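These notes concern the structure reproduced below.
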Amino acid sequence: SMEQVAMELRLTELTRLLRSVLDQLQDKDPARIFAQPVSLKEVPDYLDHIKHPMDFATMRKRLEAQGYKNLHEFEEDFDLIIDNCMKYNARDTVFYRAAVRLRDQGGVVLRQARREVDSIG
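Numbering (the authors' numbering), first residue to last: 22 to 142.
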């Protein structure tokens, strides 16, 4: 149907905008602490602590399969990256502190992304 195509075009354009958002958030992580999944070879107890691991590569795979239907879904995954780290790692660690800085800096990007998603529809 033509309606299905129109919906698919909207999803494609959301995917374009989320790709730009993802790039901007990941620039706020110059140390690349959040770039890849926590290695279960190197942290074998991780899943005992963290039930839903997340990282920027995993988000990028979902994104390129057009797997985010709305901004809320995308934000959920970004919040997991932050929140998982702030639980697993103590306050005095470079990991925790990196997550705080990512959250603070990402807030700015996400605020304007929400306006754009609503504005363009």
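Just so it is clear, CB atoms sit at the ideal spot from N, CA and C, and this is done for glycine as well.
DSSP-derived helix/strand/coil call for residue i
i    : result
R83  : helix
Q126 : helix
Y67  : helix
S22  : coil
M28  : helix
Neighbour-count burial assignment, residue i, 16 or more Cβ in a 10 Å radius
i   : result
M75 : buried
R37 : exposed
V42 : buried
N91 : exposed
For residue i, the nearest candidate out of the options (CA to CA)
i    : options                  : result
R40  : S140, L131, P58 and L61  : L131
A52  : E85, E63, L123 and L92   : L123
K49  : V138, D125 and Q133      : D125
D100 : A111, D113, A78 and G128 : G128
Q45  : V64, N110, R81 and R112  : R81
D69  : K108, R31, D98 and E97   : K108
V121 : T79, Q47 and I103        : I103
Expected contact under 8 Å - CB spacing of residue i and residue j to nearest Å
i    : j    : result
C106 : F116 : 6 Å
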